[PDB]
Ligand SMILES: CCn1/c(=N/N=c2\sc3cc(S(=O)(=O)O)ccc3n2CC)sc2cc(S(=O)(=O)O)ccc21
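A lone chain, given as structure tokens: the form solved without the named molecule.
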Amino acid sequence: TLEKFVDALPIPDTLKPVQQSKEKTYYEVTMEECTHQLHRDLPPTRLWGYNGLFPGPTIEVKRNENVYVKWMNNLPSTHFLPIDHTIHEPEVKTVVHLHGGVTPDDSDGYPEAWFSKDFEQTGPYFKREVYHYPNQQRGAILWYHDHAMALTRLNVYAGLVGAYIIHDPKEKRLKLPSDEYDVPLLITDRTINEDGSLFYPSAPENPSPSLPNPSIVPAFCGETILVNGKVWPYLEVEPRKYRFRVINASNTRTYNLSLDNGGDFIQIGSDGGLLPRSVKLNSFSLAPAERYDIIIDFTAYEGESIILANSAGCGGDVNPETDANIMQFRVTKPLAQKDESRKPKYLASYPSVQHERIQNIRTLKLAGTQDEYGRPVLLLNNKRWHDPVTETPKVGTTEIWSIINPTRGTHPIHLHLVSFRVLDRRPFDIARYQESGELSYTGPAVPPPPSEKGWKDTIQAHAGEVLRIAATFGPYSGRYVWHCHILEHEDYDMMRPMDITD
């Protein structure tokens, strides 16, 4: 296996606007096939990258900054990963979703608003080439990635992911670590062939001859872990406080992170922004598309090498020599200045200060069926993506969504547009629910832990539990989506339209 910790962690450069004035900032980002070396001992890997970079450039904006991004497809007309034509026109379709963005619907990256190279062909919901992000929302770590219908798992795996940070100047007074000391960590698992090329399965193992070829698989677990486009990298840090924006940009894999010197993380933020109170943690779970905004204090660890370790399995127990490792910090960089940063306990208002009336309660089941080839098709409420819309909240109203998961694993559920509150999780009798549809609880409700007392947009719905969240659907109306963020599930067919009506 590749030798761990021999390449430095790349820090993606911050994108510079093509045009900028007090009234508007305009960016251009072009999707290109490109080659980059992913590890010291591999030949360069062919990838698809935003501005030909993997990951894409980090975009940084202010709260309320009037931003435009023209996302362009300059990719080849043929894909390089295995396309399964039986699950759903040009072969290569792309569209960019700013994950976490409070965004007008035609700029949200709807799966059917895709475009081919140079916008030659566009999907039925395409309206515009240049996307608009008003950023009228809390400071937070967002990220952007491909969202095209039936191809998201392939386009994202090819390398189409990047970070986007909204800075709210009202938070500057908190003195959180900043600038060179505020570093995004985009984690992506991959399997790489000897010749350096990416490997993505063209079918399940044990391929019944009843399967199409290629065939979609229900989950992808990569053999190697990359951070910011390098396999098991190291980062040299100064012995002081750093802020890390940790993003899970993997197709399926969930991580459970810790530090091998027993140090703590101080969580300061979740998907939707700063938590009301900082939270000291020895470990945390991070499923696909979730973000943790954390401080690590290396002050007392000068000279040490500390591994950011992983204990979550993917298709099996973790292997101590490979996927149990994410990256290595080396506390060997001399201090450039006094550490004037802080790790305050009091960070922001509690979401619970809000007292919205509950307009509606929706009950949603995570289910599925089996196709003519014997494969599982995962479905939200047993509806297909193409079935008539059923999730139709009224603009400005607040709803409780009750997500029932009778399946064997966790599904990370993402709602577009909004961030929401976690109310509680409660275990139920699976067999009974499956036989009769009756929901019978086997224990009391459990309120969220501190890490989930703030705002979330992608939320783990564990097996054998009902998860309740509360969301206010606004400020925009229109057609969005909600879906599982295991990409292999999303593309077949665990995604539904969401109409916020006026």
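Rigid core (definition): largest C-alpha set, two forms, superposition within 1.5 Å. From 1 onward, residues are counted along the sequence shown.
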*Classify the number of deposited-sequence residues missing from the model between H132 and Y133: none, 1 to 3, 4 to 9, or 10 or more.*
none
_Which of 346-354 and 67-75 has higher mean CA B factor, as the PDB entry lists it_ = 346-354
*Should the higher mean CA B-factor in the entry be assigned to 179-187 or to 208-216?*
208-216
*Hey, out of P111, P233, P104, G263, whose CA B-factor is highest in the deposited coordinates?*
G263
*Taking the Cα B-factors listed in the entry, which of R362, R240, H167, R153 comes out highest?*
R362
_Position of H483 among the chain's modelled residues by C-alpha B-factor, lowest, middle or highest third_ = lowest
*Lowest, middle or highest third of the chain for the C-alpha temperature factor of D41?*
highest
*Can you work out whether the C-alpha temperature factor of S451 puts it in the lowest, middle or highest third of the chain?*
middle
*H97's Cα B-factor: lowest, middle or highest third of the chain?*
lowest
*asked:* Please place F428 in the lowest, middle or highest third of its chain according to the CA B-factor in the PDB entry.
replied: highest
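We do not show the form solved in complex with the named molecule, though everything after this point is about it.
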*Tell me, which of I400, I430, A348, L259 has a heavy atom within 4.5 angstroms of the named molecule in the bound PDB entry?*
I400
*Only one of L423, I404, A309, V331 has a non-hydrogen atom within 4.5 angstroms of the named molecule in the bound PDB entry; which is it?*
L423
_Can you tell me whether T58 touches the named molecule? I mean in the bound PDB entry, with a 4.5 angstroms heavy atom cut-off._
no
*Any of the heavy atoms of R468 lying within 4.5 Å of the named molecule in the bound PDB entry?*
yes
*Does the named molecule come within 4.5 Å of any heavy atom of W48 in the bound PDB entry?*
no
*Although the named molecule is absent from this view, report whether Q337 comes within 4.5 Å of it in the bound PDB entry, heavy atoms only.*
no
_If the criterion is a non-hydrogen atom within 4.5 angstroms, does every one of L81, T191 and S197 touch the named molecule in the bound PDB entry?_
no
*Can you pick the stretch from 275-283, 351-359, 292-300, 163-171 whose heavy atoms fall within 4.5 Å of the named molecule in the bound PDB entry?*
351-359
_Within 4.5 Å of the named molecule in the bound PDB entry: residues from 431-461 (heavy atom criterion)_ = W455
*Which residue moves between this form and the one not shown, judged by a Cα shift of 2 Å or more on the rigid core: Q370, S352, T78, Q337?*
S352
